[PDB]
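You are given structure tokens for the same protein chain in two forms, set apart as structure 1 and structure 2.
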Structure 1
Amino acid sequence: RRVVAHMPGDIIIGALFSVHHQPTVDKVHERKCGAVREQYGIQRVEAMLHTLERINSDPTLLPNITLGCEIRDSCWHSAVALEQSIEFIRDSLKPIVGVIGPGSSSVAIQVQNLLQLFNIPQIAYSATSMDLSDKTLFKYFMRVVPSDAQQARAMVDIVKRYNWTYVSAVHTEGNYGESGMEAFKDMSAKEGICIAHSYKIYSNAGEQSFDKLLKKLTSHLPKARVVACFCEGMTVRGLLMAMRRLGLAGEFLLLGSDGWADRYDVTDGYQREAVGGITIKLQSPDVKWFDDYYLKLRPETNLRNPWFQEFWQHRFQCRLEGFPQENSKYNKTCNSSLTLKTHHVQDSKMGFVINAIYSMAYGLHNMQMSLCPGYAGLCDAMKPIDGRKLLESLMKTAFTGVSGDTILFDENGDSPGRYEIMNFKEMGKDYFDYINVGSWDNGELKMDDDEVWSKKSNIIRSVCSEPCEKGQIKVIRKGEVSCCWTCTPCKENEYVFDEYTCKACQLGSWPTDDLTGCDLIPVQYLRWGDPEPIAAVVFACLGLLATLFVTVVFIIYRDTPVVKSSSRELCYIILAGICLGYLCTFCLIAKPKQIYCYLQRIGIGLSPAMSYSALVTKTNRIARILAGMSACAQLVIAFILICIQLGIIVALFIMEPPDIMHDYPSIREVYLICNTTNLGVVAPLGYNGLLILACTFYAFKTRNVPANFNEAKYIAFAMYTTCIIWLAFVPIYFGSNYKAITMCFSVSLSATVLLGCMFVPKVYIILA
């Protein structure tokens, strides 16, 4: 029923070219094909018809015998191609020794499933899916083109080079699109790429299907502006027509594939919508001798091609009245002046088709040479050409292609190849073209970023979220695509440990600038400078001057009656304690070290205790003599209890060594202090307070007595005031942080009031 192109020969080679368009979604069941094709149709048919005659004319290839062909139309449809393939193998049920496989991957799979049953090798020129690399299922299938694994790698490289992270995905329903999108999704989601949503659609889908697909694509338009299309040319054209219908004229960047390549028939009429698209095209130089033969073809003389008259009518819209094919649908006639030179575009994969035919010829040549080296022709051992031997010879053959490079097949039947990255641009006014803006070879992507985006303002990068590495802010993911995150700044206490978590530093520590890491907060100590410490040391200096003056005035007047009243040694240890207190004041405000830290503690424990014990063991005799031991050796009765005092601090000392803790009152600052604790400091103060209570009780006992210049009342008043000076600082000491300056002040004031109200009257009048 369907027509076929013949060429007589001793050996017949089949061919499946999509001369006509895929049947519409209505007429699929009738299996009637659409309009004729030029690039994928007549050009390839003429290419095969001419290359066979070139081979036949060549004496150095397939000598003494001729190569024929039986070219059939597959209409880019699996059913039509399967029917034509059945027509191929009808003889096996002149035999077809091999076919030049169809262009579509799914169609090639369908044809191979039938052909491998009859041992008919099949060489494809544009079938690209990875599924055809499985030699277990597709043993009799070979390619002159690489698989789409390299194409998926190239697409991922392109999306990676341009910061594209949040893209959408579209692929044509079938085997090429499906496998390509699976490979792309795998190797993209592996590295860094996030897909907004993957869509699939048939090439022959209606207008409504493409409209719905474009609406779904636009649902993510503000964020995902890049659409990775592992789609055929017709799918991309349908997308462009949908864009035109609903007024989208540059909101998307279409990233095409080998299906789009640099085809002018997929952007014609809709150039404005496809501008800025980036496509991948298998590298194949133009074939000059094909152009020299094709452009001189005329319908009157071209009889061996059954589709040439229809193509001539369809291209130059006209009617060939003289010939049986007229097609009066075209109103005007064709004058003998129209030529194929005008608006001639040679298809991209012409080299591949010629290479496939040459490959089959060379395989046949090798097999013939191997079988009968002597005979020049078809030997008796070659009349029943075996498909297995031909396949074996083809799998190892190597030759020189039309381009000039070496064509050879690997273990999977594929062939080496490199890609060109083309960009659809507007060059002039009302002029669009495909510009070669890069290449991809074995993982090396050499792109040129000046022709595409001839400026710094490129396409808005398809990113879900802006880079959120701005200082404090971290990144959290809400379960959806790991590229759509939300930004939360975390507390100044913590610093970022990774991009998704920030952790806290140690108890005493602060994050560094920009929270890159963590540092140690400097320990700010009580300095020898500062207002309060310098005031304290001034106080201590005044105190020392007072003590030395009083000691001098006592040494001058040793045995005077106005002095020799009580034990003189008690009124030596009192001044000793007074001096030691101010020595403690000096020792306290200092860098916390090992020696100073126990020196200050033993001093605080020992000084006021000694002085006030001396005062008590003076007043005891002083008032018991008038109320009704003593002698002069009361110094002992003091010392022993003072020794007890010493002993108890020994008990407190042995438990707590004079170390330094690093007090942390807040997260911001760090302080260092002595090893003094509540238990270690409340006991000596408790003992001192008991002594104070006894002294106060007994100063009350004596109060007013007639003595030498009335010491008793003044010392009682000093005791009274000291009792409350001690208590004043208690709230701002127990639990506070400045307990050192308070200790210095308390000791200073206590010493001053004790010295000023017991010594000053007596020695003052003595000097006066």
Structure 2
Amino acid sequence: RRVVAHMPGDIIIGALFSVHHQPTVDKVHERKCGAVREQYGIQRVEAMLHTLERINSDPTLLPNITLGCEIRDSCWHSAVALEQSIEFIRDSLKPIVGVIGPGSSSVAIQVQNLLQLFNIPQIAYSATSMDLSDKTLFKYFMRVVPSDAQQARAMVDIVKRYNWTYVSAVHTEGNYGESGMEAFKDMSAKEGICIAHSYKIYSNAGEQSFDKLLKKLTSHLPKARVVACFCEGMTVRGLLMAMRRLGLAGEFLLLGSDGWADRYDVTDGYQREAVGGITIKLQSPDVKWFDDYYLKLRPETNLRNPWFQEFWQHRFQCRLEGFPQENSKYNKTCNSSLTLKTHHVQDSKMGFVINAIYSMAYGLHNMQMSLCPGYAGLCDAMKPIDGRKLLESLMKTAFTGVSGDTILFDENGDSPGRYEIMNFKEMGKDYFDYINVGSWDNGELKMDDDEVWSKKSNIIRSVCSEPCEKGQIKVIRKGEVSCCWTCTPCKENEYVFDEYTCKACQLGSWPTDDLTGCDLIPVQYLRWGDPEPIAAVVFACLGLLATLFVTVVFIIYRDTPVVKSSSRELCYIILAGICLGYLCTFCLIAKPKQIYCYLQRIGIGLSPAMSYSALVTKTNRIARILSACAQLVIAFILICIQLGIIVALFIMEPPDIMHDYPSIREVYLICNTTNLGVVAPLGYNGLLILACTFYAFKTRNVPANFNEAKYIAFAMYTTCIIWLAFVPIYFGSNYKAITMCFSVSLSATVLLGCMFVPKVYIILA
């Protein structure tokens, strides 16, 4: 039978403390507990005994009634605690009025499911799972610590403070780990944080299980460098031991939980592996009087605590001869010089443990105040202490704590509390410590970024993909969590619509700077500058100068017989046409406008048709003579025919500015001239040429005034070749305007020359 610590009194309060370690994986069925525990074990039993004797000593608390206790060992296992709890309720089948419940959430649940049936209030000090807040299933459960709803929030705040996104989660199998990791997963996923993969493990699992878990964790090593452990202390120690076994000394940052806190017994010997880990610890000041009472204990006199001599021997590895408990396993003997004052480490949850004992005390006081206000003691109205009344009194009680605050329970049975942030750092050489690098209260996280990462090179941000909003490149998912993206650049005509897709611009549009939006690329006109068209305009100007010189010479020598043989009007009509060619070239090269672009048509129609019409009549007259003024009229009508066709093409295609986009980039504006709108006048001009071919062959060479027929027959001859050669370039090209300009002013000069010069040259000579 398991041993039990007793203390007499009028009212007896049960307490479950984990004096011994959890049963090993291969001895769960035997329910055999491992080694004794100091922080979680003997210290808590001593705290309970001393605080109860203090309560008995205090006259102002529970006067004239002495509080007893029955402390049992829970071994941090569900079955052992369940059997001890059955032992608690055995009399109810002096009764236990209340239990200072176990420190594990799963164990607390298992004990509560049994205690609630017999109306036994249970006050926990370390069980912090959210599930215990449900008063429908756990009516007889209270705690002096906050739930894990705030601890998960604190962990999420820590991960979101340091840009950590792609973390990996581990939690111990059990209610505490399960609930905590569920809360963390829920809160983090709503705030952009990410989980590579969530793992679970038992605290008592063998070395092989931890090795496998660490292998799975290293499977994401380059990217998921932060591990979030809603783990217990022994789970974290197992992870550290795995790191030691398979050579890992800084590949991970373990973001611990309340289980780890600042426990020195999870990093003993493995400090090098745990350096840089961040943990969350329930805020609890050191208790002075407990330290004063505890360090003065000796195994010779400490007979109340049945485990104490065993503790002595396991702690100071030695054996105590003059006692039953010798245990020769330990070679040497315990000299009367050992004391607990050396390397003494008070457990973090020592404030809470005492508080949970005061609660059940104060809750018993208040209930005694109401039941029998006058009587100072155990009144006859209190012989069968009622569990329901005691629970009610505990729910509405409030008292000053050991720390110096007020402990009180809300409607959910929980109690207010704040958290502390610790960083396990290497302070000196071969010396490590937990350093307080922040806190967390009522939703407000106030860290200290200087103490942790005393440099600008903090831990590599746990991210899956680098920030890739770098202009052209967009972000595409890969069928996994919306966490790890591949970055793809869209084409040049596409701009980023969102961070997720890239959208093409319009027909004549181009994306702006930073590809945030788009832009209608400006139209391109025929510029007056440039090296090419300046030559064309210079040529046109020279042609105009030649034409004005020609007209001056023609009018000065007006009535001379050497020029008064042919019609003066005919070779003034030709002059008007040759001038109109240059005028058409000049008005062609400009901004294509609703006022400008139809002059192109009139030029290209009349100029290369009307001049040849005036010429053909003269050639025919000279040929057939080898008449009168009537040849003028037949000339004019020959113009009018062409004047029809242009007008014929004017109706179907009105003068407008049409935009063409030969490529997706450049935009051009030109008049609406089409394939049919340039061939028909050119077709007629071909006929004009054809007409004069007839004559030119017939005339050939004829001795006239200055042998005009010798030269006028040749000006046409050099024109038809260029007219034909112009077709291939014009048909396929992007330079229609300049080509038209050069064509017109080319066949132009030719004519103006032999037409007039041969005559007017020698005339002036």
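Reference numbering: structure 1, starting with residue 1. Rigid core here is just the name for the largest C-alpha set that superposes within 1.5 Å across the two forms. Residues that one form lacks are left out of the comparison.
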- Item | Rigid part versus rigid part between structures 1 and 2; hinge residue out of 253, 503, 718, 466 | 503
- Query: Treating the chain as two rigid parts, what rotation angle in degrees relates the smaller part to the larger between structures 1 and 2?
  - Reply: 10
- Task: Could you check how much the CA of residue 742 shifts between structures 1 and 2 after a rigid core fit, in angstrom?
- Result: 7.9
- Message: Superpose the two forms on the rigid core and tell me the Cα shift of residue 52 between structures 1 and 2 in angstrom.
- Response: 0.2
- Message: Superpose the two forms on the rigid core and tell me the Cα shift of residue 470 between structures 1 and 2 in angstrom.
- Response: 1.2
- Note on the structure: Residue runs (3+) with all C-alpha shifts of 2 Å or more between structures 1 and 2, core-fitted, in sequence order, are 491-498, 501-513, 515-626, 630-768
